[PDB]
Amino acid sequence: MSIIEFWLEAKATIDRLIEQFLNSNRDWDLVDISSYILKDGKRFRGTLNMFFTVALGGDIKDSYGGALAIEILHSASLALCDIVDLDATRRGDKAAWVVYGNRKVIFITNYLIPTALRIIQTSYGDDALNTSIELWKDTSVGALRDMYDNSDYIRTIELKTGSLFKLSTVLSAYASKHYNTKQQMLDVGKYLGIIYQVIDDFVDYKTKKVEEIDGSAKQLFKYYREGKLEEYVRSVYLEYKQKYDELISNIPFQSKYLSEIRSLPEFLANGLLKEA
């Protein structure tokens, strides 16, 4: 839609911010590796940030700080996942650890996370920061529960992947000067994040070997082996999309963005499918 065009502009805008961040970084030695980790990315979370900021009436410029922090928090998490799953490529590059070793990347990572938090606090204040610290903890709890994915698929992916989406959407509440939608915005990102992860796991079963699959995805095998994976994934997607559609009706969004807002679950769902 215009969604795709908005995304392309946001990506370029977010890429610009990363460079300004990098160079302006006094820490001369940390730029080389930080750059490699922040290097590429579609920046979907950061653009959802900017998107909802504008859809709520705010000034796109006020979403910049969160936009940056988010993409910084995301990039740092990928560099870590690549270590956890021991993957050597990021879809067009060696993996950070391959090029610098687990030792450096993890430290660099423990530096970037606090940095992103500072940016969020400066740009938005203490309440925004505390919310971010809670979503950070949630995420770690998520990685954990991804260890023994016996049960709680939906809750597990909410914490693991959804936490960052909640951050993306909730921060647009501050950026747009509409803090009264805080909880509504948190639930928006929760629905989008669950939809994004469920679809992403699905695409994994249809584009990779059954053995090489692992993580939360692994919890869906029981559906896959019966040829009922698509059926389950579609149910989860319809549920949360309804929950989403209902919710955005009760949110003070600008009339001219409602159609784009209402088609976001499709934008993210078909976006993952397309590439695969």
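Start at 1 and count along the sequence shown; that's the residue number.
**OP:** Could you check which stretch, 145-153 or 175-183, carries the larger mean CA temperature factor in the entry?
**Re:** Here the higher of the two C-alpha B-factor means belongs to 145-153.
Original post:
Would 201-209 or 67-75 have the larger average of its C-alpha temperature factors, as given in the entry?
Top reply: Taking the mean C-alpha B-factor of 201-209 and of 67-75, the larger value falls to 201-209.
Original post:
Per the PDB entry, which option out of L48, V233, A55, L30 has the greatest Cα B factor?
Top reply: Most elevated C-alpha B-factor of the set, per the entry: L30.
Original post:
Which one of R103, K160, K190, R118 shows the biggest C-alpha B-factor in the PDB entry?
Top reply: Each of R103, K160, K190, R118 was compared by C-alpha B-factor; the highest is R103.
Subject >> Lowest, middle or highest third - CA B-factor, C81 >> reply: For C81, the deposited C-alpha B-factor lands in the middle third.
Original post:
Would the CA B-factor of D93 place it in the lowest, middle or highest third of its chain?
Top reply: As the PDB entry reports it, the C-alpha B-factor of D93 lands in the highest third of its chain.
Original post:
Ranked by Cα temperature factor within the chain, is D126 in the lowest third, the middle third or the highest third?
Top reply: Middle third, going by the recorded CA B-factors of the chain.
Original post:
What third of the chain, by the recorded C-alpha B-factor, contains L112?
Top reply: It falls in the middle third of the chain.
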